[PDB]
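With the entry's author numbering applied, the first sequence has no gaps in its numbers, which climb one by one up to 1135 at the end. Just so it is clear, CB atoms sit at the ideal spot from N, CA and C, and this is done for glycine as well. One structure below.
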Amino acid sequence: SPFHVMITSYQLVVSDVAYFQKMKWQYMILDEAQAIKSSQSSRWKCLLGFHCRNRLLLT
DNA sequence: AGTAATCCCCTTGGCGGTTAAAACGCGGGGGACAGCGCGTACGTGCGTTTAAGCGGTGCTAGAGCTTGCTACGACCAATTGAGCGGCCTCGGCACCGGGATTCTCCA
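Spelled out as structure tokens, the structure:
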């Protein structure tokens, strides 16, 4: 495959959300998950909805 | 709930070059423009007659207004697929080159 892991910004996942939906992930890292701590944040609402089989938070 | 940092995006600005488009020079041609003569075609004046304008009489079509209701569109909630945003590709149109046909101008 042309990739195994994909690195991206907390900014792009909310901006390109319509492309991030329509995709399915085997594993996900959130690399400094204190970015997610506001449940009112769009980056909480969006990354929550990413179809991912197992998820990990780093903090 | 507020105000500031963070980050995307998209517009403005600068630098280099390259070359295609703008500027410049110069001869000559022919088109703009003033000048002339004529002649016919438009403005003038008169006598003619024609009907537009006014004051007046008569009628009825139909503009304008009210009454009464029911047929038709406004409004809402649930359903779904027609239409939009994103990705792909291949074929139409351009772009080039080269030889063939046309048109232009001086002889």
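DSSP beta-bridge partners of residue i
i: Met1099; result: Beta-bridge pairing links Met1099 to no other residue.
C-alpha distance - residue i paired with residue j, whole-angstrom precision
i: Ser1077; j: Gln1102; result: 14 angstroms
i: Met1082; j: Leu1106; result: 12 angstroms
i: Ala1111; j: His1080; result: 24 angstroms
i: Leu1133; j: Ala1094; result: 23 angstroms
Whether residue i touches residue j by CB criterion (9 angstroms)
i: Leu1123; j: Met1099; result: no
i: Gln1087; j: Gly1125; result: no
i: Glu1108; j: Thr1084; result: no
Coarse secondary structure for residue i, derived from DSSP in three states
i: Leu1133; result: strand
i: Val1081; result: coil
Exercise. Going along the chain, which unbroken runs of the alpha helix (DSSP H) with 4 or more residues stay wholly within the segment 1101–1129?
Worked result: Runs found: 1118–1124.
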